[PDB]
Amino acid sequence: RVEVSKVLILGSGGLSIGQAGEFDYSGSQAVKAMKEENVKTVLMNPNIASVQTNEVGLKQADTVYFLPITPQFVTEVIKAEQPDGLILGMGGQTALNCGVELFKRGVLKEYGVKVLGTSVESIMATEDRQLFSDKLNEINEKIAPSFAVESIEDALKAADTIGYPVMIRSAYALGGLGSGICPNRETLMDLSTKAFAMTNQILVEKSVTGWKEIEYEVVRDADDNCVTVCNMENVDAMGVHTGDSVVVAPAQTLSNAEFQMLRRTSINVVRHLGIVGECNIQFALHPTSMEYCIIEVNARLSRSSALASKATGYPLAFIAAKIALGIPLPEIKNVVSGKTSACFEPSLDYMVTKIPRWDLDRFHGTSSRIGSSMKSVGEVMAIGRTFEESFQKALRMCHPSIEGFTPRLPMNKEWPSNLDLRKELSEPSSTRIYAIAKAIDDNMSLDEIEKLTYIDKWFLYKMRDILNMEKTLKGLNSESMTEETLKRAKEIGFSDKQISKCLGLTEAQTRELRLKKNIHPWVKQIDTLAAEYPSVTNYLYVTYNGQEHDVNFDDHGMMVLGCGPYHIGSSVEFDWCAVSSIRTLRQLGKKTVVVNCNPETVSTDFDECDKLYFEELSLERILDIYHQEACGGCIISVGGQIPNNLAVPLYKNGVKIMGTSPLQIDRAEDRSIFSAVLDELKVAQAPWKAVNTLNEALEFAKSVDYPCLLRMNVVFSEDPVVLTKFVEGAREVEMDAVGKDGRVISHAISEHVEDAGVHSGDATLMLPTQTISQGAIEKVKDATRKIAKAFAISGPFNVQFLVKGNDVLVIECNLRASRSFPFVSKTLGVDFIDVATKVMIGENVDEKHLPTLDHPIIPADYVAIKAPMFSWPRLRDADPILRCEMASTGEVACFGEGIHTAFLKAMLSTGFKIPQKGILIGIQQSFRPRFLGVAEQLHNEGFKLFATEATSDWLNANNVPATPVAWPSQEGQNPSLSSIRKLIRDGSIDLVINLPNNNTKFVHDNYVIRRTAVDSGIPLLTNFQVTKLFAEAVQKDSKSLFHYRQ
Amino acid sequence: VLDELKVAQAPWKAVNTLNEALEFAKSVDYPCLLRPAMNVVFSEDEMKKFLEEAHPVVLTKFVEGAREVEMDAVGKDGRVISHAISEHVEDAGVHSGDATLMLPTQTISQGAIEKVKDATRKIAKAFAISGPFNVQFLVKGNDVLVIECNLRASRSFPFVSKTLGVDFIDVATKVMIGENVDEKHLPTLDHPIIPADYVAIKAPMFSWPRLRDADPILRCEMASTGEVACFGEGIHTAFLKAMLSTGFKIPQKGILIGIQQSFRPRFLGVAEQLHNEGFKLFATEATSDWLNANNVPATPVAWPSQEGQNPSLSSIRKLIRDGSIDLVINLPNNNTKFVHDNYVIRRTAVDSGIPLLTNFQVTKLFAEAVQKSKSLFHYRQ
Ligand SMILES: Nc1ncnc2c1ncn2[C@@H]1O[C@H](COP(=O)(O)OP(=O)(O)O)[C@@H](O)[C@H]1O
Ligand SMILES: Nc1ncnc2c1ncn2[C@@H]1O[C@H](COP(=O)(O)OP(=O)(O)O)[C@@H](O)[C@H]1O
Ligand SMILES: Nc1ncnc2c1ncn2[C@@H]1O[C@H](COP(=O)(O)OP(=O)(O)O)[C@@H](O)[C@H]1O
Ligand SMILES: CC(=O)N[C@@H](CCC(=O)O)C(=O)O
Ligand SMILES: CC(=O)N[C@@H](CCC(=O)O)C(=O)O
Ligand SMILES: [Cl-]
Ligand SMILES: [Cl-]
Ligand SMILES: [K+]
Ligand SMILES: [K+]
Ligand SMILES: [K+]
Ligand SMILES: [K+]
Ligand SMILES: [K+]
Ligand SMILES: [K+]
Ligand SMILES: [Mg+2]
Ligand SMILES: [Mg+2]
Ligand SMILES: [Mg+2]
Ligand SMILES: [Mg+2]
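(A) Looking closely at the overall build of chain A. Along the backbone of chain A there are 36 helices and 38 strands. Relative to the compact-globule value of 31 Å for 1046 residues, chain A shows a C-alpha radius of gyration of 28 Å, a close match. Across its three principal axes, chain A shows a C-alpha extent of roughly 80 × 70 × 65 Å. Counting every position in chain A, which comprises 1046 residues, the buried fraction comes to 63%. When the accessible surface of chain A is totalled, it reaches about 38,200 Å², and 48% of it is carbon and sulfur. Charged side chains of chain A number 109 positive and 130 negative; the gap between the two group centres comes to 1 Å.

What follows is the structure, given as structure tokens:
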């Protein structure tokens, strides 16, 4: 047993595509393990929305630093905290790369900090693709023909030796960053160039596109006991990243010989690699032989370990962390069985399906095709006891518009008239599942579909079974459908909505019809051992394929609904809110029932509540569960949009909703009612109107002046739909609050850096406010007092405001927790959700020390700043520019004595890197009056300035020196001018400032400049306010919230 | 006392030598205030030549680019039971009494207000205040520094009292003679009174025409001879009414602009704005080139010291007399090169009876406010 008294754990930082909440979940389990063994813990994670970073409970570190996960800052923390252990395996690639850099530099050795678990040597051997190859060649393991190279010239050579097509995949990365299939020389040139901006080594590898992709989660302790805890079969074949793949567990199409060969190879490889803890391993398996290739091992917790932990009920991260302290597997309890050890390989008597969630329509430049580089923003997991059951649930979980497996597209989009169905099947995309449905419907053979998609035909048989049931049901009605048929339809995952559309009924009618035949689902436990030993816990799912329930229904607990899959605009903040509520209920001795389907969340960790249903967040299924438990009530206000949109339907189906009435939530989401209420209260708002005609539109827009918002999209010229006056030059303010009986008993006001026009979630937030008049604050407060009263609010809510001097206008009101609730709560040292939860269930509340409207809590000695995270490099060709639709994928927050410090810390936490070289400046003409001073300031700080044609003339005319550069569209047409690509490549330029607006003339050229920066991996600033503040802040530490709160 | 209370203030020191002076000014950076006639200096040389004309001298770090805030308050047994915070339009450097005051504050961070308040709580207690007092603050972001404290009623007590509808002196007088006081409806530190539906602006009055040959320009020593105040739904309206109340007359014709080079980055937008409102712009040599180089049309004019030496350029006296120019904007600073010429421009406006703006912040706010009959009692309803 390793002796350690204080451990530092690293988080992932802000969430980004491929590096999501799985590490909040993992790292929380790690801290719990550490505490059980009396080990003091320090956490570094700038992701303020993470549950990890909370102060209270058995999973909370003793000390929390909201700082960049970079060697500079981790060093400062080490110095100050003098830890003797380091966990670097539970923060994705961020934490891994940071820890390897520290190691390489000898910082760990210098301060006596032991890496707990898998060594940096084992890590390097799995992250460096060449070292990996060397290791497997030592044991004559099987890999594909490949060469690890460090230049574009060497990659070309490797590809000619191997033969096209080839896959390139980066070292020291995850989620397929910089990766891609290359059918030819030119594709290889394009991609390797882009890959080298983000890594120093790529592997050029013979293609095994189409082989089956099989994963194992492997555990190995310090006694050399080594087991495979889970195995997953990817439904989409090799070539679609595991993360963007449909995946099933356990495997369905392997023989014992295949499954055991790969299992034993996993164990050998993991052993040889010196791994201690957990890891993930990937194989390519030939579809019609025993031939296989080992692709990669991830010597760290992963999105695959999170998934496996939920699928199996085996908590891999918890176990990993105990193992990192030298405790062997036989000495660690299986917490689910309560009577056995963690030395085993679970047995599942059910099948789970994970499907990804994409959000791509908003990024016009990025295709919906998927491949080796992840593009999904979330995932779901469904459990069933038939593939079909598991599979249709999982499809419904991805997005409310999806009904199951149908030949219809999501978002109610029609198929294009120029559809090439074969192309869709052969070229994976975010919508290929529905294209398969369509093809099966249109009588393409299953054999040809397997041939084009590479999806194993077995899975296709199941899909055909589903569509045959749809045909059968369509020919029936409420009188003609038998009990035998309904039962079967449910047993293969048909919802009542899907059935209703076949039968010619409403969903309610169909629910009634079903219950009238006493056809209902059954509640079953995940016990890890397929019933060999009974479960002491209640980790539950629901299935039509059983004849009994595995538990009683005597608790009558309080239901809390979770967030569903993360997607853009809906992230881990909504797991924070939900978990805060779950913990508050527990702390008050109330029985809890949780329903959520997101494998990455701490809300779907069974140790947080009395009953966890890992289930659909549908009306159908919530009703099933509520009525089966006879829950005392349901909280629908702490999991974002999904639960909130069920408020009225639930109300109407006998569900007791806690807090603010669903009647009030309806009133408030009704733009006309809401607006009329505001008029009554004398609360101002932007002029708006609903119209059906172009002439009404043009008349209204003329009557209030352009620009106008449109429902999202703004327009500035003449060259039903809701229209709203777009107010220019306006500040934006957030009010986050809790109501009790229509009174506000906690609140917090923050100011965006950016003017209205950048969406809340893409905005940078300052708390407390900075430039708002005191009279505006009074108006913001008075409008919030009246709104709370008008809608009898009892629970959390939020109101967004435009502010221009003393004009204060209401934009929107949301009668639920907003995404800024964690930021605000932690910053002010008050759990708004704890307060709100107590209001909603009638528990007492001392308002003396809360930030009521009458006695706000306003930090004096410090400020807090929240910055948005983006995933532009992974959204290939996307224009990295903020619209009225939101684009950020996560958030960070940092603290400082003042705004400049806090702002710099927040920005560094996003990956932004302070330029050491030249800055490129290109701005639309109208920004000149305000930008001149920003430019002088950058010049006076010593930055060499480059600029596009007109901007450079203008700077020089104002005695600010700038070197002009060429437009991309004009490279070669003037030999006096350097190309931007070349200046970036050479290292002359390491920050780009590009400020377009609606009157931008060179739209494409400026798009190319913006995208060049992203793809070269240098920072880009496209918002004037953010740019101003940056310039001010570089004009000139390692503290965090707890420092300032002292 | 402030150090004990942990309340910040500008570095300062009393000295009896030139070498102590220079050492200190070097140790905190120029510029520095000087009290031996208050006076600022920006260099080693500028100082030597001020002292060699004036027994110790107090030196204070002059904080540039800073907001200034007034706290007017009443204490009872060291607690604050009435208070009011106002922000100057002008940056610190223009004296309180020459400053234009906004109530409530407009551009101050909420954290700074909390600091202003906390410092006032501690000061009232440290000096066992029972009566009226005032504290002046520098504010720069969240740095809040105390300038001075006056243990008496300040000149902004009427403004503040009438604006908030509370006689601060009536309250203070009761405290001082031991009469009872209901604090429930007073603006205590814990429950301020902050106008939501209106703002108040106080503007200084000057008597430049009667001070023959006086340079009409604000120093650290004060020059105003009275005050007016007006009210509005917002700042622009209130500000225009206050300015009109001083005798300022909104230009109907051309505007003459001459500014020290360093104001250019900030002034560009002020100038574009005046141009977009339709004002014809005139300017001194360098300022006119610069405006035109930035596609803001201006007609150059001659320096007074050079009238006749270029027939392409009109004299300013003649453009004023002809009625082409009815507002002058002149913004000098320590680096102004044509000190006399710009003095003559400023004094020509005064003696022609046309309005003159010499402060950047006031000039900015003006330009914003011309972009487009009520009084306090209207708004208090
Ligand atoms: N040689 C190959 N031929 C075809 N596809 C491949 C090959 N190697 C990897 N892939 C695909 O690329 C994905 C990313 O590769 P991986 O080595 O797992 O990198 P990462 O660590 O970035 O996920 C794999 O899951 C798989 O779908
Ligand atoms: N009247 C307006 N003028 C200018 N910007 C606006 C206006 N209304 C909304 N916006 C911008 O659009 C964003 C989204 O508006 P909101 O009503 O919150 O939409 P959503 O339904 O996406 O929450 C706001 O956060 C704001 O920055
Ligand atoms: N440290 C400083 N930095 C910048 N300006 C200052 C500073 N101290 C004072 N001032 C300016 O000087 C003015 C007068 O200061 P004060 O000490 O109140 O002098 P008086 O004796 O004239 O009241 C203030 O109102 C402010 O505008
Ligand atoms: C970003 C932007 O709008 N740029 C300017 C170009 C100005 C320049 O020539 O530098 C445009 O009008 O396209
Ligand atoms: C007021 C002032 O300082 N003027 C500038 C000149 C401006 C001009 O020539 O246009 C000066 O240095 O005197
Ligand atoms: Cl929200
Ligand atoms: Cl006074
Ligand atoms: K796959
Ligand atoms: K790896
Ligand atoms: K993986
Ligand atoms: K797209
Ligand atoms: K039918
Ligand atoms: K001032
Ligand atoms: Mg990997
Ligand atoms: Mg991988
Ligand atoms: Mg919103
Ligand atoms: Mg004074």
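(B) The arrangement of the environment of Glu669(A) in detail. Relative to the helices and strands, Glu669(A) resides in helix α24 (residues 662-669). A sequence separation of 24 residues divides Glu669(A) from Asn645(A), and the C-alpha atoms of the two residues are 9.9 Å apart.

(C) View of the sheet that holds strand β4 (residues 85-87) of chain A. Residues and elements named next belong to chain A. Here we have 5 strands laid out as an open sheet, ordered β3-β2-β1-β4-β5, and parallel in their pairing. Both outer strands of the open sheet, β3 (63-65) and β5 (114-115), are each paired with one neighbouring strand and no more. Alignment of strand β1 (residues 6-10) against β4, held across 3 bridges, turns out to be parallel. The partner of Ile9 across the bridge, within β4, is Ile87.

(D) How the structure looks around the site of ligand 1. Residues and elements named next belong to chain A. For ligand 1, the set of nearby residues contains 22 residues, the closest of which are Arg169, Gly176, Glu205, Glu213 and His241. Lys206 is positioned with one of its backbone polar atoms (N or O) 3.0 Å from a nitrogen atom of ligand 1. Notes on ligand 1: free accessible area 550 Å², of which the protein chains cover 99%. Contributions of two or more residues to the shell around ligand 1 are made by β7 (166-170), β9 (202-206) and β14 (292-298). Tallied by class, residues from the shell around ligand 1 come to 7 nonpolar, 9 polar and 6 charged.

(E) Structural view of the pairing of strand β31 (residues 807-814) of chain A. All names here are of chain A. As defined by bridge partners, strand β30 (residues 795-804) adjoins β31 across 7 bridges and the pair is classed as antiparallel. Of the residues in β31, the one forming a bridge with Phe801 is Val810. Taking the residues between adjacent antiparallel strands as the criterion, β30 and β31 are bridged by 2 residues, where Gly805 takes a positive phi near 75°.

(F) Fine view of the interface of chain A and chain B. Listed per partner, the contact involves 27 residues of chain A and 27 residues of chain B. Taken together, both faces of the contact between chain A and chain B bury some 2,200 Å²; the carbon and sulfur share is 48%. The largest per-residue losses of area from chain A upon contact with chain B belong to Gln774(A), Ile858(A) and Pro929(A), which jointly make up 26% of the total buried on that side. The interface formed by chain A and chain B contains 0 salt bridges.

(G) Up close: a nonpolar patch on the surface. All names here are of chain B. Residues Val1, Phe127 and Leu151 make up a contiguous nonpolar surface patch of about 300 Å² in total accessible area. For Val1, the location among the structural elements is in the segment before α1 (2-5). Residue classification places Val1 among the exposed positions, given a relative accessible area of 58%.

(H) Region of interest: the environment of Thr693(A). Assignment of secondary structure puts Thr693(A) in the loop between β23 (688-691) and α26 (694-704). With relative accessibility at 37%, the residue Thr693(A) sits in the partly exposed group.

(I) Just the side chain of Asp990(A), in detail. Residue and element names in this part refer to chain A. By the element assignment, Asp990 lies in strand β37 (residues 989-995). This buried residue, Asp990, is left without a salt bridge; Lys917 holds the nearest opposite charge, at 7.2 Å. Here the side chain of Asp990 touches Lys917 through a polar contact of 3.0 Å, landing on its backbone nitrogen. Residues contacting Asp990, with those up to four places away along its chain left out, are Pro915, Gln916, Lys917, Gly918, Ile1018 and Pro1019.

(J) Expanded view of the domain arrangement of chain A. Residues and elements named next belong to chain A. Taken domain by domain, chain A consists of domain 1 (352-522) and domain 2 (874-1035). Inter-centroid distance (C-alpha atoms) of domain 1 to domain 2 is 45 Å. Counting residues at the interface gives 8 residues for domain 1, matched by 8 residues for domain 2. Interface area lost by domain 1 to domain 2 is led by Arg362, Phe363 and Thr366, which between them contribute 59%. In terms of residue class, the side of domain 1 that touches domain 2 is built from 3 nonpolar, 3 polar and 2 charged.

(K) Focus on the sheet that holds β7(A). All names here are of chain A. Across the sheet, 4 strands lie side by side as β6-β9-β7-β8; this open sheet has antiparallel pairing. Of all strands in the sheet, those with a lone pairing partner are β6 (146-149) and β8 (180-182), marking the two edges. Each adjacent strand pair in this sheet contributes to an overall mean axis angle of 25°, direction not counted. Summarising the sheet, β7 and β8 pair through 3 bridges and their orientation is antiparallel. Bridging from a neighbouring strand, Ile168 pairs with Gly180 of β8. Here helix α8 (residues 185-196) sits on the sheet in contact with β6, β7, β8 and β9, set at roughly 150° to β8.

(L) A look at the side chain of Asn47(A). Checked against the element boundaries, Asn47(A) lands in the loop between β2 (40-44) and β3. Setting aside anything within four residues of it in sequence, one finds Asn47(A) in contact with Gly13(A), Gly14(A), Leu15(A), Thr53(A), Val572(A), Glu891(A) and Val892(A).

(M) Summary view of helix α18 (residues 496-503) of chain A. All names here are of chain A. α18 sits mainly inside the fold: 6 of its 8 residues count as buried. All buried positions along α18 are accounted for by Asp496, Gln498, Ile499, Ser500, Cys502 and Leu503. Put simply, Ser495 is the residue that caps the front of α18, since its side-chain oxygen is 3.4 Å from the backbone nitrogen of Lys497.

(N) The arrangement of the pairing of strand β10 (residues 212-220) of chain A in detail. Residue and element names in this part refer to chain A. The buried fraction of β10 is high, at 9 of 9 residues. Neither face of β10 is open: one carries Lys212, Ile214, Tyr216, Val218 and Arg220, the other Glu213, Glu215, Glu217 and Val219, and all of them are buried. Bridge count for β10 against strand β13 (residues 277-285) is 9 bridges, and the pairing is antiparallel. Residue pairing across strands places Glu217 opposite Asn280, the latter belonging to β13.

(O) Main features of the site of ligand 3. Residues and elements named next belong to chain B. Around ligand 3 lies a shell of 16 residues, among which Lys61, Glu68, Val94, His95 and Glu148 are the nearest. Here ligand 3 has 560 Å² of accessible area as a free molecule, and 85% of this is covered by the chains. Taken together, the elements giving at least two residues each to the shell around ligand 3 come down to β8 (131-140) and β9 (143-150). Per-class residue counts for the shell around ligand 3 are 9 nonpolar, 4 polar and 3 charged.

(P) Structural view of unusual backbone geometry. Put simply, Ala249(A) and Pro250(A) share a cis peptide bond, and its omega is -5°. You can see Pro250(A) is positioned in the loop between β12 (247-249) and α9 (256-272). With an omega of 0°, the peptide bond running from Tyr30(B) to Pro31(B) counts as cis. By the secondary structure assignment, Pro31(B) is in the loop between α2 (18-28) and β2 (32-35). With a phi close to 75°, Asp224(A) is a non-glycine residue in the positive phi region. On the secondary structure map, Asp224(A) appears in the loop between β10 and β11 (226-234). Within the chain, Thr528(A) stands out as a residue other than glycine whose phi angle is a positive 80°. In this fold, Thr528(A) is placed in the loop between β17 (522-525) and β18 (539-543).

(Q) How the structure looks around the nonpolar core. Counting residues in hydrophobic clusters, the biggest one holds 197 residues, and the most contacted among them are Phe391(A), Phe405(A) and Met559(A). In contact with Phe405(A), not counting residues within four places along its chain, are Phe391(A), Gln392(A), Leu395(A), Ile433(A), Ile436(A), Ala437(A), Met463(A), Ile466(A), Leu467(A) and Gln498(A). Membership of the second largest hydrophobic core comes to 82 residues, among which are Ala902(A), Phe927(A), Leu932(A) and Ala238(B).

(R) Representation of the coordination of the magnesium ion (ligand 14). All names here are of chain A. Looking at the magnesium ion (ligand 14), one finds its protein donor set to be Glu296 (OE), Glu296 (OE) and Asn298 (OD1), positioned 2.0 to 2.3 Å from the metal centre. In this structure the potassium ion (ligand 9) is found 3.9 Å away from the magnesium ion (ligand 14), and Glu296 serves as a bridging donor for the pair. Of the two residues, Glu296 and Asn298, both sit in the buried class.

(S) Local environment of the state of the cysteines. Residue and element names in this part refer to chain A. Summed over the entire model, instances satisfying the criterion amount to 0 disulfides over all chains. Free of any disulfide, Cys343 has its nearest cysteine sulfur in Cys226, 9.9 Å distant. Judged by relative accessible area, which is 34%, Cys343 ranks as partly exposed. Left unpaired, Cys609 is separated from the closest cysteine sulfur, that of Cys631, by 11 Å. Residue classification places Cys609 among the buried positions, given a relative accessible area of 5%.

Rules used in this analysis
- Residues numbered from 1 in each chain as written, not as in the entry; some residues may be left out.
- Chains lettered and ligands numbered in written order.
- Part of a larger assembly, values for the part shown.
- Heavy atoms only, no water.
- Helix = DSSP H or I, 4+ residues; strand = E, 2+ residues; numbered from the N terminus.
- Rg over C-alpha atoms; globule rule 2.2 N^0.38 Å.
- Buried < 20%, exposed > 50% of the residue type's maximum accessible area, 1.4 Å probe, protein only.
- Areas by Shrake-Rupley, 256 points an atom, 1.4 Å probe, with all protein chains shown as cover.
- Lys, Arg positive; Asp, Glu negative; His and termini not counted.
- Charge placed at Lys NZ, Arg CZ, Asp CG, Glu CD.
- Pairing = 2+ DSSP bridges.
- Near = heavy atom within 4 Å.
- Polar contact = N/O pair within 3.5 Å; in protein donor to acceptor, adjacent residues only side chain to side chain.
- Nonpolar A, V, L, I, M, F, W, Y, C, P; charged D, E, K, R; others polar.
- Contact = heavy atoms within 4.5 Å.
- Buried area = accessible area lost by both parts, 1.4 Å probe.
- Salt bridge = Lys/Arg side-chain N within 4 Å of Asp/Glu carboxyl O.
- Patch = residues over 30% accessible without salt bridge, like charges linked within 9 Å, V, L, I, M, F, W, Y side chains within 5 Å.
- Domains from an automatic or database assignment.
- Axes fitted to C-alpha atoms, helices over the stretch in contact; angles between N-to-C directions.
- Core = buried A, V, L, I, M, F, W, Y, C linked by side-chain atoms within 4.5 Å.
- Donors = N, O, S within 2.8 Å, 3.2 Å for Na, K, Ca; no water.
- Disulfide = S-S within 2.5 Å.

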